[PDB]
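A.B. asks: structure, please.
(one chain, ligands or ions: 3)
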Amino acid sequence: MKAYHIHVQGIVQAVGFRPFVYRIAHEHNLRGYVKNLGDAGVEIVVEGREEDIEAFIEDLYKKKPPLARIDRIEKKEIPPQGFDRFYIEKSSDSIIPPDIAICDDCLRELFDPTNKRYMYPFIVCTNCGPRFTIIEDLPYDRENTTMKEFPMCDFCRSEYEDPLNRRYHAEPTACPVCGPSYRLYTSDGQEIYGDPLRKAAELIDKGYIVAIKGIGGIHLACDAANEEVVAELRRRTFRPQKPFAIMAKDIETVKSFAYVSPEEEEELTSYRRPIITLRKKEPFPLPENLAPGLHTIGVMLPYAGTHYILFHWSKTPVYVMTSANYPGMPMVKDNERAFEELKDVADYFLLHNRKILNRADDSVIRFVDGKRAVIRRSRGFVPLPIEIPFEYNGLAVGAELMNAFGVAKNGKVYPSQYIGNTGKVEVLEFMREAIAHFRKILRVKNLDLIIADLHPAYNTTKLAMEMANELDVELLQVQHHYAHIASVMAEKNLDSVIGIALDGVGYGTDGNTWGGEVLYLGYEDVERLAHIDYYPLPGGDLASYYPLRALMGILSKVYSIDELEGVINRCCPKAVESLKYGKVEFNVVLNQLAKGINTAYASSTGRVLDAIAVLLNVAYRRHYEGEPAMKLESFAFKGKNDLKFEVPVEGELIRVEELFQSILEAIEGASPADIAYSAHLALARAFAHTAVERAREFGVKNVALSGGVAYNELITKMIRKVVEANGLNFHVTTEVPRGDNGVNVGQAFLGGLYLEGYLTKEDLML
Ligand SMILES: [Zn+2]
Ligand SMILES: [Zn+2]
Ligand SMILES: [Zn+2]
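C.D. replies: Numbering: from 1, shown residues only. Ligands and ions are numbered 1, 2, ... in the order given. The protein structure is shown below:
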């Protein structure tokens, strides 16, 4: 014949490519074959005519499997010693794939009459649908997945078997007959089979709220359009401000609903269907209830059969999807618990047979100036790895809040699902199960040690110990901030580099509540650099909770005891700790502060900026995680004339307090917003500028921002920008999240390095 020895390599092997190459071939009737060698050997000999010799190579790009991106194609030229009457996939390393959203094709298939799965919720092809959330354990096989309880009906099998058909070997395949079925409940009571689905939505728009059995953990739903009902929900859940998550029909709806970014629309239509957060249009459309004091809004698009179909009816597009579980508990899997927890919470229920083994909270992502990073690693990512410059089988618990344990081997770390806040015992036990599962796709008796935040009180590290004492495995802790900063040089794959850490509450080395300082990740003998003049805050935890408890502590570093009294009078935030505790009495606590009796030393940028959020008309008592930092940002955006502040930087200390000083001296004249906006850049600019100077006086080409207060667009904008008068820097991107959640990754590449011996056994402790 007259073909071309096309040579491709990069993503083909592991993922499902053979099934694709086969179909695409026969479709163009171009008989040939696709050889296979291994992790690096899959060519294609499409020997045939010309009107198709091109179509094949042309389609391979625009039609390749989802979890795959062609990387190499060399049109060679070799004649087959024998023409090809049939196309063959002659063969001779499976990898747990993540949960993908419905494929553009299957969509039409269900959303349209002609098909067998006409309006079938559990629709799916071999190029999408659920995976991890229902993969019992490798080998990846039907007989070994949640879909096992469902024997395939003849019709399907025929397809499942046939190669040409896309549903080929689609383990999680089904139909309205052999496939699972939906149902409608209401704190008990129900109908049967398919009568529900349709009606289900007729209620979501009706006003009432109803939970939905997602693919990786069911969650409450509600018409985000009815300001009335949405508010109701916030009560049955005891959640006052946490930015709810909405789900619009098509991208269009998202537009008039708010703001659509360029590569954003891409990140949305992604196979992961994450909950991005884009600015809401000035003339607020949806009820201001969905999320107060926040320019952004949780946006979601349909992601699996039931979604699109459910969206059909209900008239109103925008819905509302949030972890169906009391504030503090993880998603509810077993329908059993669905009733034993939301009997009062939700109004109705919509569950299905197919059990959701592993939990999987929806992944949320928000873009920043420099690039586009995420915050919640889960949903459609896990269990996809990230490369570590070191090989060592080990576990890494990580932070305690917004945690995400990890495990690596050969040189790749594994970020788990959003194990939420390891606080409540409910959570703790959850992690154990997750780790157990992960360990079933890896090695037992991990030939290597563990990792945990340098805090001897985290329900996380708590495990690290008992776990260490178990199976007899060495234990190792590491600074919290040295992690966020490490999570960068691990994802960007590089060597020691200066970086800025701005977290809300980090267990710094030496009982020092860090959260604002630049460090040097020098491979050898690592050490701290810049810093903030520790400010006195009453109640380590209390301070974070009640803002005024910190606003005072920081003003003492510039004002006297009785002085702090007057300055506070610049506003009236006393009635804050009054709606949840005593008021005057709190101010009386000033003694505890003045006398320096009971006081813990901090340096968190989150708190610093937090105080500024109360030293104004912004916010008061914290209602969840990072409420001020965010509330203060949004408010700041509305500022035009960028004022010019300049938080000092002496030797290796930042008199950030002096910032407040000047801040107040401008209130009498400068608009309210312009202040929040100004201080934002100011605090950041002089904060980064330091990292810069230090880089030069230490021979380093680049720096890296990361940690809690890292998503602040205003700050991240200036900071990274300042690095323009130096060397190209980088901040954690989509792959890994700068936030706490992605701390384990930083730990893995960090502690794992310790084993290597390239790091001192104690330059992580002290
Ligand atoms: Zn599909
Ligand atoms: Zn079937
Ligand atoms: Zn953190």
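A.B. asks: what's the neighbour count on residue 758?
C.D. replies: If you count neighbours by other Cβ atoms under 10 Å, residue 758 ends up with 12. (C-beta placed from N, C-alpha, C; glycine too.)
A.B. asks: one more: residue 601?
C.D. replies: By other Cβ under 10 Å, the residues close to residue 601 number 17.
A.B. asks: find the nearest non-adjacent residue to it, please.
C.D. replies: residue 534 (4.0 Å; Cβ to Cβ, 6 or more residues apart in numbering).
A.B. asks: repeat for residue 192
C.D. replies: Using Cβ to Cβ, 6+ apart and skipping residues adjacent in sequence, the residue nearest residue 192 is residue 183, 7.3 Å away.
A.B. asks: confirm that neighbour sits in a helix?
C.D. replies: No: looking at residue 183 with DSSP: H, G, I helix; E, B strand; the rest coil, it is strand, so not inside a helix.
A.B. asks: isn't it up against residue 351?
C.D. replies: Yes: between residue 183 and residue 351 there is a contact under Cβ atoms under 8 Å: 6.1 Å.
A.B. asks: give the contact list for residue 395.
C.D. replies: 405-407, 435, 446, 450-451, 467 (Cβ atoms under 8 Å, 6 or more residues apart in numbering).
A.B. asks: filter those residues down to just the ones in strands.
C.D. replies: If you go by DSSP state E, the contacts of residue 395 have 406-407, 450-451 in strands.
A.B. asks: so what's the nearest residue to residue 240 once chain neighbours are set aside up against?
C.D. replies: Counting by Cβ to Cβ, 6+ apart, residue 240 lies nearest to residue 623, which is 4.9 Å off, once chain neighbours are set aside. Residue 623 is in contact with 240-242, counting by Cβ under 8 Å, 6+ apart.
A.B. asks: buried among these? Need that as a selection in PyMOL.
C.D. replies: Listed next is the PyMOL selection for buried residues among the contacts of residue 623, using 16 or more other Cβ atoms under 10 Å:
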select buried, resi 241+242
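A.B. asks: just put the contacts of residue 623 in TSV and tack on distance to ligand 2 and secondary structure.
C.D. replies: Converted to TSV, the contacts of residue 623 look like this (distance: Cβ to the ion, whole Å; DSSP: H, G, I helix; E, B strand; the rest coil):
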residue	distance to ligand 2	secondary structure
240	46	coil
241	45	coil
242	40	coil
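A.B. asks: and of the contacts of residue 623, the nearest to residue 209?
C.D. replies: residue 242 (15.8 Å; Cβ to Cβ).
A.B. asks: how far away is the nearest residue to that closest one once chain neighbours are set aside from residue 685?
C.D. replies: In this structure, residue 242 finds its nearest non-sequential neighbour in residue 624, 5.1 Å apart by Cβ to Cβ, 6+ apart. Per Cβ to Cβ, to the nearest Å, residue 624 is found 29 Å from residue 685.
A.B. asks: more neighbours: which of the two?
C.D. replies: residue 685 (19 against 12).
A.B. asks: check whether the residue nearest to the more buried one when sequence neighbours are not counted sits in a helix, strand or coil.
C.D. replies: Counting by Cβ to Cβ, 6+ apart, residue 685 lies nearest to residue 718, which is 5.0 Å off, once chain neighbours are set aside. The three-state assignment at residue 718 reads helix, by three-state DSSP.
A.B. asks: enumerate every residue touching the residue sitting nearest the centre point of the chain.
C.D. replies: In the chain, the C-alpha closest to the average C-alpha coordinate belongs to residue 376, at a distance of 1.1 Å (Cα atoms, centre = their mean). For residue 376, the contact set (Cβ under 8 Å, 6+ apart) comprises 361-365, 418, 737, 739, 741.
A.B. asks: circling back: which of the contacts of residue 623 sits closest to ligand 1?
C.D. replies: Nearest to ligand 1 among those is residue 242, at 32.9 Å by Cβ to the ion.
A.B. asks: tell me the backbone dihedrals of that closest one, please.
C.D. replies: phi -40, psi 120 (degrees, to the nearest 10).
A.B. asks: now the residue nearest to the centre of the chain: how far from residue 565?
C.D. replies: Residue 376 sits 42 Å away from residue 565, going by Cβ to Cβ.
A.B. asks: tell me which helix or strand the residue lying closest to residue 294 once chain neighbours are set aside sits in.
C.D. replies: The shortest distance from residue 294 to any residue other than its chain neighbours is 4.9 Å, reached at residue 634 (Cβ to Cβ, 6+ apart). Per DSSP states H and E, residue 634 falls inside helix 628-637.
A.B. asks: try residue 6
C.D. replies: Element membership of residue 6 [criterion: DSSP H and E] is strand 5-8.
A.B. asks: how about the next helix or strand after that strand: buried residues?
C.D. replies: Using DSSP H and E, the next helix or strand after strand 5-8 towards the C-terminus is helix 18-27. For helix 18-27, the neighbour count (16+ other Cβ under 10 Å) marks 18-25 as buried.
A.B. asks: in a markdown table, list those residues along with distance to residue 669.
C.D. replies: Output for the buried residues of helix 18-27, formatted as a markdown table (distance: Cβ to Cβ, whole Å):
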| residue | distance to residue 669 |
| --- | --- |
| 18 | 70 |
| 19 | 69 |
| 20 | 66 |
| 21 | 69 |
| 22 | 73 |
| 23 | 70 |
| 24 | 68 |
| 25 | 73 |
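A.B. asks: tell me the one among the residues you listed nearest to ligand 3.
C.D. replies: Out of the buried residues of helix 18-27, the member with the shortest distance to ligand 3 (by Cβ to the ion) is residue 20, at 41.0 Å.
A.B. asks: excluding its backbone neighbours, what's nearest the closest one?
C.D. replies: Nearest non-adjacent residue to residue 20, counting by Cβ to Cβ, 6+ apart: residue 65, 5.1 Å away.
A.B. asks: isn't the one you found up against residue 21?
C.D. replies: No: the pair residue 65 / residue 21 is not scored as a contact, 9.5 Å apart, by Cβ under 8 Å.
A.B. asks: so the residue nearest to residue 294 is in contact with residue 291, correct?
C.D. replies: No: between residue 634 and residue 291 there is no contact under Cβ under 8 Å: 9.5 Å.
A.B. asks: so which of the two has more stuff around it?
C.D. replies: Higher neighbour count among residue 634 and residue 291: residue 291, with 23 against 20, using other Cβ under 10 Å.
A.B. asks: what residues are up against the more buried one?
C.D. replies: Shown in contact with residue 291 (Cβ under 8 Å, 6+ apart): 241, 243-244, 297-298.
A.B. asks: state the distance from it to residue 556.
C.D. replies: Distance from residue 291 to residue 556, by Cβ to Cβ: 34 Å.
A.B. asks: next one: residue 728
C.D. replies: To residue 556, residue 728 is 40 Å away according to Cβ to Cβ.
A.B. asks: neighbour count for those two, which is higher?
C.D. replies: residue 556 (21 against 10).
A.B. asks: quick check: that one touching residue 564?
C.D. replies: Yes: using Cβ under 8 Å, residue 556 makes contact with residue 564 at a distance of 5.5 Å.
A.B. asks: mutual contacts of the two, please.
C.D. replies: With contacts defined as Cβ under 8 Å, 6+ apart, the residues shared by residue 556 and residue 564 are 593-594.
A.B. asks: so which bits of stretch 332-342 are buried?
C.D. replies: Buried, per 16+ other Cβ under 10 Å, within stretch 332-342: 332-333, 335, 338-339, 341-342.
A.B. asks: right, I'll leave it there.
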